[PDB]
Amino acid sequence: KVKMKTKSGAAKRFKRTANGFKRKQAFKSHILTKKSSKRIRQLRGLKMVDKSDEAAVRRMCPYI
Amino acid sequence: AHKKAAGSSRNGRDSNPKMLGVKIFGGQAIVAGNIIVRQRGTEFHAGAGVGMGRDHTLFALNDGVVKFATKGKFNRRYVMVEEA
Amino acid sequence: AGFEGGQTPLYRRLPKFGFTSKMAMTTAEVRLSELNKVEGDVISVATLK
RNA sequence: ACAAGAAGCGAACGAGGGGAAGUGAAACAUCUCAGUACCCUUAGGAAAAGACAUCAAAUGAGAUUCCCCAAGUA
RNA sequence: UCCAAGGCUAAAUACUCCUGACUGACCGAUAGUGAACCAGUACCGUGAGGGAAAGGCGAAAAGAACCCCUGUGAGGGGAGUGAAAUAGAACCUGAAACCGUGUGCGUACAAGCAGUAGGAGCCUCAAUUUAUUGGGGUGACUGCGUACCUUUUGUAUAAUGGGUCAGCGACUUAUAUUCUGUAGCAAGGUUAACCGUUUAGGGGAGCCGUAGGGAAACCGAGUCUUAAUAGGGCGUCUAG
RNA sequence: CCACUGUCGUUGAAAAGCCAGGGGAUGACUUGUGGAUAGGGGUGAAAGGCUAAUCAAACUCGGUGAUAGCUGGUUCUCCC
RNA sequence: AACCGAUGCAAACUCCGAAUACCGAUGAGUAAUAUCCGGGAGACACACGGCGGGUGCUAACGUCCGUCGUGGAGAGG
RNA sequence: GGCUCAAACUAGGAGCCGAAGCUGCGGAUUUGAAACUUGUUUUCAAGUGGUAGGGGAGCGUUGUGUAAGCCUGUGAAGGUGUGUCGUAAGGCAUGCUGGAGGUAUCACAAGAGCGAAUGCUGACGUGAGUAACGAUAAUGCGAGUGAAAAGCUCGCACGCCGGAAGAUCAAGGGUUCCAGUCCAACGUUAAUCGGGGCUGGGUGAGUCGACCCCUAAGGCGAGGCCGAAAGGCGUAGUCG
RNA sequence: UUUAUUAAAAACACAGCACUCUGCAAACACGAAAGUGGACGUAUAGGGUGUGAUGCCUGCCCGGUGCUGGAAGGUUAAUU
RNA sequence: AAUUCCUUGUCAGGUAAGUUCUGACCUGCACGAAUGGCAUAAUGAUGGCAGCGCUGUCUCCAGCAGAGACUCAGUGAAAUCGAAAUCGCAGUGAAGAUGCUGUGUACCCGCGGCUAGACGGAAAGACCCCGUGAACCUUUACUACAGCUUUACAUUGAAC
RNA sequence: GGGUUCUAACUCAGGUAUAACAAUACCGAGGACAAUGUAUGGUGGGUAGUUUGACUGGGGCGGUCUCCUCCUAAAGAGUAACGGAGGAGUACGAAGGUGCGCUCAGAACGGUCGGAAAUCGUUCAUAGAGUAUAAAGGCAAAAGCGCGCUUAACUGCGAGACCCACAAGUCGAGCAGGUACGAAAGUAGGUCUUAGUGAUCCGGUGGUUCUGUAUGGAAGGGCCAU
């Protein structure tokens, strides 16, 4: 039957947690020599999607 | 454009705001790590209980109450965190 | 869904990460409180099915 | 130079030969629309497919077709 | 695990020009087929093609013999038929726009969204012991008062739209998903396709909930990062 | 057979005409009949002209209920 | 030229320097508060009158900011 | 308008007018507050301008069950008045018209509500009894017929065409041709007249034309060639 | 000759001139190809382009972009 | 100058007076030799300028004839139109008023004229802008494709 | 590894027969060329599909578009104009860290060349200098200037804050490990600070047990770094 379509590219960047979603941070792919080692260290890892933005994530990924 | 005296004078750019100034004023409760003043140079100096960052930012080293005073032989503006 | 009027949408300013595992989709977690539906005393994979 | 057939017409459904663009992507060319519309050939009450040079990787199953899930998952 | 380069093979599946039976919280003449009617017609087009309008007397024609006016016309009035004839064939009902006729009141010295709040006079009905009220019609005169919609910062606007009336005309349906309400069950809830002597009953495949952490392996009220048992991130200590 | 000028006509007698004049009038003439060239094609002594009162891409049907961040409209009532 | 003494001026001058405004504390009274979480929006063409300015000509029913009131979406005098 | 020891100006003072502000009286309503407690009741307090928009409560219409009910020829629906009731959408009753259907209550489902979209269809207005009545070749009179004659028939006269506005065809049309009869519609007026209606009649070929024989341009084209298919071309021929 | 239907002209055409292509299954054009036109023609012919009777005439520039000729060298596809 | 902006260039002619015309000058913004230069008889419903003749073109209109217009009889449209008990002025106001304020004037209704206003009617401005609109055209914009051309392989072989 | 020749493929829009077109036979002429199929480079407005920004006292033209400093900016922050003025798209293995030490610009006087000013000596001299780089704010404990040793221009993080629509950005004590300097308490996670910058996708490289489509591998993917 006709089902709602997942945004298959938004599912590759958001993962369901207990009370929200998690994601990687930006500004870590290339040109990394000029960044202080605090940026390289605190831009590394997971953050949570903002409360502001998680209504969009719920509409983009209805099934996660 | 009679008298023809006008003409372009290109100076229409500026920089973004930096949101400097006093963040926590005198007599207020403060906890360690709280930024007190964001500034350029040492407009205010770090007194007892107040640290100073590479940006010249003044922050609380320990909890207490923030206090401003003009002290020293240079009549400098100091910020201190009194244990109160 | 997925549009901010022109600025690169949130799902495209952030990077893709991770990979999907086929093992994870055939490994089921069983709770102690669900065991009341089992017939008998043996608890196996075929018995959980 | 002698017998037996065919021709053409007429709903949809099937099989096959060719095959767009409007549109969407908030532009547009990859892509989408869509193997769709349309054109063409041809059959039967259905057609096609169909018995493994197929899957599976479990304690294995056992042709084709159609429906509900698997799953808007990989 | 199976043996291509040979050929076949029913059923479960798709469909409706049609034939029959039956059904409808489908329409009822601007609807429903374009077409209820002599409709793919009239009409338009060289042509391909496009494409209308248009139902109803009465139960029975008993559809008005005859007479009268008129041109042996139309139309009508009698007579007659009929329950009904302002049911008389343009025929059931007969709205509105629009057009007449009659009655009452007002109106020919007065300036404008035409009403509204007062208000004299006049006319007309019902009571009343007889102009006293009450109902209806009219509106001299006074005050106030620049339509409606849309779009706009802002419209009487000289910005848009509407000549009027009647009829029709625009937030739907299918599925998925989320939240809220309500109902049943409740750490459980619920079946789908199907079968069925068919809204029952069966069918548990599946789905959601009950656990999270991590890319993942993996571990699990923990888990990830780390050399770290430190720190920190994400979770924990029910209702679905 | 044309169409240079003017008036008229402009809800016309006429969706291009009448009237008064005007040009060619044995020629690269005019005309009847039949046939040929078809849409990104034709034909064009060339004006993007003409191709059935339609032409910087005919007409009809179909894709099609094209799309329209634009304009218009959007129908009963009361309470917060 | 300077240096002294009188004497003015400046958004990008300051030896100075308010009122307000803002950030806190404590305390009464009054008040249909503040905050967080979720369902549904609309709006992102604003206008004028003050006040402080830039621009313009201390022109504009001008224009661009800040701030208040009104209109928007508000009749009445 | 008018105003001059003001009806101007300045400084004082006392009255009064003046708003949908406030108060007084009556009524409704939202939210909260003590309770027979779900509007079961009496109150009190603070509120009740409003676009976009959010929330809440209802009215009416068509259809389904309720309903083999109830109502209805002692008159259904609809139409048209009147009275009455409710905050409203609207309800109820009833006079007349009408002539065969309607539907309480509670649920349920919607083709569920129109003034606007230069909206769609039909009907009818205003302009307005206005412009115009289609070549300025032209008519006058006497009889006839007739309900009626400027327009028809006949007559006399007048005017116009006469390389046509006269005749013969082809094309195209198809009965418009002739006679009798009728005048509703059609004819831009009237009509007795007509290319109008109705009813009859009328087209006679060896020599005129077609058909026929022959071919042009150009078609189609056994076999043939070419091309996914459809088809394109082409010889002999066969049409034209 | 032309903008049928606001432009008839200085616009188009034109005889004439020049360049250039083409040796015939010609170049060139229609076509998917077969088949055609060119042409039952043959360089005094046919096509394309420009100019536009006639008279006097038609100067300089080959750097650019075309076109024609040449290949020493550089670079260079599939393929292997 | 069908080219010249400055510009009505300057000088000469023509006229009483000539931004046009003709002749010449050359200071050619920005002529020029087959997108041909300069002329040229003849030709042209070709452009400019100038004369004779002739005139209602005009001073300055008059008279007359016919067809309408006007009246009567018959037939009988149109576009438009929210509704109208539809006046002037000075103001005001979404900024140019029949409709608002103040005021002035005005008894009710036709007919023949007229066109100053009703921002009069007609055609959802064609000018201008906007829309991640359209079409067609151009090119050393991009990306393709037809066509043409190159080579390799195949049809494709033998000998020196 | 190139040319010459031959005929038998192939071609003839050549002749003779076959009524005609075509085909076939023979003769003649070419000939492994031509031509065609696949692949490939070139050319290719002949044709198709499209793109060709925004701001803007209308649009075009010109200018601008990101970042930093000052003012506008109304004594907290923030705050617009095609408002007024300037800078940036770097530099440095020392110009970073630490320990130690030092103090500038000028003026006058005296002094060979030698002056207005080179170098030297003396006296005044809170910065009238410097701070790599504009400006602002800072700077004596110097953040300015030298010397020795060095690599903290670390790794894992980070309580807590500023700023902020998000995505980002900024400051940060403290803890663990390994150091550098110092006798030590200590200081050091780059530079006086604020400009020196660019998400995702994709592709590359250095590592890693995470995965590894029957299984063992591997390919590919994931994670960390770039």
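Residue numbers begin at 1 in each chain, while the letters A, B, ... track the order of the sequences.
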Establish, for the pair A:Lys7 and C:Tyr11, whether the NZ or CZ atom is under 6.0 angstrom from the six-membered ring centre and no further than 45 degrees off its axis. yes
If positive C1'-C2'-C3'-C4' means north (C3'-endo side) and negative means south (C2'-endo side), then I:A4 is south
Classified sugar conformation, K:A176, by whichever sign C1'-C2'-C3'-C4' takes: north
Pair of N/O donor and acceptor under 3.5 Å linking E:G188 base with C:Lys37 side chain: yes
Give a yes or no on whether I:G52 and J:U27 pair, Watson-Crick or G-U wobble, both distances under 3.5 Å. no
Any donor-acceptor pair, under 3.5 Å, between the side chain of B:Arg54 and the base of K:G190, if you only look at N and O atoms? no
Taking donor-acceptor contacts at under 3.5 Å, does the side chain of A:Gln42 reach the base of K:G172? yes
With distance as the sole criterion, do the side chain of B:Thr42 and the base of K:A143 form a donor-acceptor contact below 3.5 Å? yes
Nearest-neighbour nucleotide for the B:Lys73 side chain, K:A140, K:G160, K:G137 considered: K:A140
Can you work out whether C:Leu10 or B:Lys18 has the more 5'-proximal nearest nucleotide on RNA chain K? B:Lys18
What is the sugar pucker of K:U98, north (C3'-endo side) or south (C2'-endo side), as given by the torsion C1'-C2'-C3'-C4'? north
Base K:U170 to side chain B:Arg38, donor-acceptor N/O within 3.5 Å cut-off: yes
B:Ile35 has its side chain closest, among K:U200, K:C162, K:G169, to K:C162
What about J:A83 and J:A84, stacked or not, using centres under 5.5 Å and planes under 30°? yes
Please tell me if B:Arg10 has a side-chain N or O lying less than 4.0 Å from either OP1 or OP2 of K:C65. yes
Mind telling me whether K:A75 is syn or anti, cutoff 90° either side of 0? anti
Test if J:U7 is paired with J:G121, treating Watson-Crick and G-U wobble as valid and requiring both distances under 3.5 Å. no
RNA chain K: B:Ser9 or B:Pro17, which has the more 5' nearest nucleotide? B:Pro17
Considering every strand shown, what is the Watson-Crick or G-U wobble mate of H:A179 when both distances are under 3.5 Å? H:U199
Between the base of K:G158 and the side chain of A:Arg41, is there a donor-acceptor distance below 3.5 Å? yes
Base of E:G220 paired with side chain of C:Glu29 (donor-acceptor, under 3.5 Å): yes
Can you identify which nucleotide, out of K:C71, K:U226, E:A176, has its nearest atom closest to the A:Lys3 side chain? E:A176
Ignoring hydrogens and angles, answer whether the base of K:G172 and the side-chain atoms of A:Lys38 contain a donor-acceptor pair closer than 3.5 Å. yes
Answer for the Watson-Crick or wobble partner of H:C214, both distances under 3.5 Å, is none
Using modelled atom types and a 3.5 Å cut-off, is there a donor and acceptor pairing between side-chain atoms of A:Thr17 and backbone atoms of A:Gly20? yes
K:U66 on K:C65: ring centroids within less than 5.5 Å and planes tilted under 30°: no
Please confirm whether neighbouring nucleotides K:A95 and K:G96 meet the stacking test: six-membered ring centres under 5.5 angstrom apart, planes under 30 degrees. no
Checking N1-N3 plus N6-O4 or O6-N4 for Watson-Crick, or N1-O2 and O6-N3 for wobble, each under 3.5 Å, the partner of E:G94 is none
With distance as the sole criterion, do the side chain of B:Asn16 and the base of K:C67 form a donor-acceptor contact below 3.5 Å? no
Any stacking for adjacent F:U77 and F:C78 under the 5.5 Å centre, 30° plane criterion? yes
Give a yes/no on whether any side-chain N or O of B:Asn34 is located under 4.0 angstrom from OP1 or OP2 of K:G160. no
Flag, side chain of B:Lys67 to backbone of B:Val79, donor-acceptor distance under 3.5 Å: no
Check the distance between G:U35's P and A:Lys51's NZ and give it to me in whole angstrom. 14 Å
Chi-based syn or anti call at G:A21, which uses purine or pyrimidine torsion atoms and a 90° bound: anti
Categorise the sugar of H:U38 by the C1'-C2'-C3'-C4' dihedral sign as either north or south. south
Okay, side chain of B:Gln39, backbone of B:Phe44: is any donor-acceptor separation there less than 3.5 Å? yes
Starting at atom OH of A:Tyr63, determine the distance to atom P of E:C207, rounded to an integer number of angstrom. 14 Å
K:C166 base / C:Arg13 side chain donor-acceptor hit below 3.5 Å: yes
Kindly check if E:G115 and E:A114, neighbours in the strand, have base rings whose centres sit closer than 5.5 angstrom and whose planes are less than 30 degrees apart? no
Check whether C:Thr27 reaches the backbone of C:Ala24 with its side chain - one donor and one acceptor, N or O, closer than 3.5 Å. no
Check the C1'-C2'-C3'-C4' sign on K:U5 and let me know if the sugar comes out north or south. north
Determine yes or no for a side-chain-to-main-chain donor-acceptor pair under 3.5 angstrom, with C:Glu4 supplying the side chain and C:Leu10 the backbone. yes
Would you indicate which nucleotide in K:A167, E:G235, K:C154 comes nearest to any side-chain atom of A:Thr17? E:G235
Taking the chi torsion of K:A74, is it syn (within 90° of 0) or anti (everything else)? syn
C:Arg13, CZ: over 12 other non-hydrogen atoms inside 6.0 angstrom: yes
With the side chain of A:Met4 defined as its heavy atoms from C-beta on, choose the nearest nucleotide among E:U236, E:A176, K:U226. E:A176
Gap in Å between the two P atoms, one belonging to H:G26 and one to E:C165, rounded: 47 Å
What form does the base of K:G57 take, syn (within 90° of 0) or anti? syn
Pair test for J:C119 and J:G47: Watson-Crick or G-U wobble, both under 3.5 Å: no
Partner of F:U30 under the Watson-Crick or G-U wobble criteria, both distances under 3.5 Å, comes out as none
Test the A:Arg16-A:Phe21 pair against the cation-pi criterion, namely NZ or CZ under 6.0 angstrom from the six-membered ring centroid and within 45° of the ring axis. yes
Against the side chain of C:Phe17, the closest entry in K:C223, K:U69, K:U194 is K:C223
What about K:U170 and K:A159: are they a Watson-Crick or G-U wobble pair, with both distances under 3.5 Å? no
